[PDB]
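Descriptive analysis of the structure
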Protein chains: 2
Amino acid sequence: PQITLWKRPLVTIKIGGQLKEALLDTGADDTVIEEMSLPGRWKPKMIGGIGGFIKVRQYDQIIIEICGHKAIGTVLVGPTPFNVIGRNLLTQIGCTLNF
Amino acid sequence: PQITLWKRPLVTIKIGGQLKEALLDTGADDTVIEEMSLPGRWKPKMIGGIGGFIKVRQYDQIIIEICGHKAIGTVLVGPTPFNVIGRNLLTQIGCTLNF
Ligand SMILES: Cc1ccccc1CNC(=O)[C@H]1N(C(=O)[C@@H](O)[C@H](Cc2ccccc2)NC(=O)c2cccc(O)c2C)CSC1(C)C
């Protein structure tokens, strides 16, 4: 669909069969989500945000549905203000910016 | 235009007579720019994201030129790692997310 930006672009996503609210974030290279349980091993990763760097747990090939579209990619778990859907997954659902 | 998200959606903008590179950011409520001089009054503000909060100076009714467009609105100036064009200005140029 088409999402205008007068309000935060918050959508419903599904991870591990559980529904959650997330933000479509074109300014984030990666997808960062709140603490939750995920399958498999994770590896270390540091990301730089507006306030500085933080450590997160990186889980690859995680199945995640975004507003109906299924994607399978890297998800980072850590202390984030919002569940953020970054470019790595926005590209998977064919999301683009238009104006 | 239609901007794909394979890479960071960076654009050149003109603010306060200065040219700067900036990131089109749907995850940002407002526009935040690196330290620079801007006309008019301002008030302190704290904004947070990944990594925590930073203090910025809020200036209202600031004019910015972006991709052939002239947008007007609030601009926050502070120690941001990236210059980001937020929703407050993205809406003014008719930016939307599509998939
Ligand atoms: C920018 C602004 C303006 C007004 C009010 C609050 C804020 C702060 N908002 C935010 O920080 C929001 N974030 C955003 O809007 C993001 O697009 C953010 C932009 C950015 C990039 C480089 C330096 C600094 C900022 N990007 C990242 O944090 C980011 C950047 C690179 C990789 C990565 O995995 C991530 C998560 C993600 S967390 C958030 C949804 C709260």
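Residues numbered from 1 in each chain as written, not as in the entry; some residues may be left out. Chains lettered and ligands numbered in written order. Heavy atoms only, no water.

X-ray crystallography is the method the PDB entry lists for this structure, together with a resolution of 2.0 Å.

Taken as a whole and judged by the stated rule, the model has zero aromatic pairs over all chains. Directly above the ring of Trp-42 of chain A sits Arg-57 of chain A, whose terminal nitrogen or CZ lies 5.9 Å from the centroid. (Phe/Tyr/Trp six-rings, centres within 6.5 Å; stacked < 30°, edge-to-face > 60°. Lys NZ or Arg CZ within 6 Å of the ring centre and 35° of its normal.)

Here we come to the pattern of salt bridges. A side chain of one charge can pair with a side chain of the opposite charge if their charged atoms are brought near each other. Taken as a whole and judged by the stated rule, the model has eight salt bridges over all chains. A salt bridge links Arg-8 of chain B to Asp-29 of chain A; the nearest nitrogen and oxygen atoms lie 2.8 Å apart. Separated into two different chains, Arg-8 of chain B in the loop between β1 (2–3) and β2 (10–15) and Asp-29 of chain A in the loop between β3 (18–24) and β4 (32–33) make up a pair that spans both. A residue is classified by how much of its surface remains accessible, and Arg-8 of chain B, at 38% relative accessible area, is partly exposed. The class of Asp-29 of chain A is partly exposed, set by a relative accessible area of 26%. Residue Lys-20 of chain B pairs with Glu-34 of chain B through a salt bridge whose shortest N-O separation is 2.7 Å. Remark: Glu-34 of chain B occurs in the loop between β4 (31–33) and β5 (43–49) and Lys-20 of chain B occurs in strand β3 (residues 18–24); sequence separation between them is 14 residues. (Salt bridge = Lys/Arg side-chain N within 4 Å of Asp/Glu carboxyl O. Helix = DSSP H or I, 4+ residues; strand = E, 2+ residues; numbered from the N terminus. Buried < 20%, exposed > 50% of the residue type's maximum accessible area, 1.4 Å probe, protein only.)

Okay, the site of the ligand next. In the vicinity of the ligand, 24 residues are found, and the nearest of them are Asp-25, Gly-27 and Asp-30 of chain A together with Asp-25 and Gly-27 of chain B. With respect to the ligand, its neighbouring residues span chains A and B. Note that an oxygen atom of the ligand is positioned 2.7 Å from one of the side-chain N or O atoms of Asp-30 of chain A. Within the contact set of the ligand, an oxygen atom lies 2.7 Å away from a side-chain nitrogen or oxygen of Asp-25 of chain B. (Near = heavy atom within 4 Å. Polar contact = N/O pair within 3.5 Å; in protein donor to acceptor, adjacent residues only side chain to side chain.)

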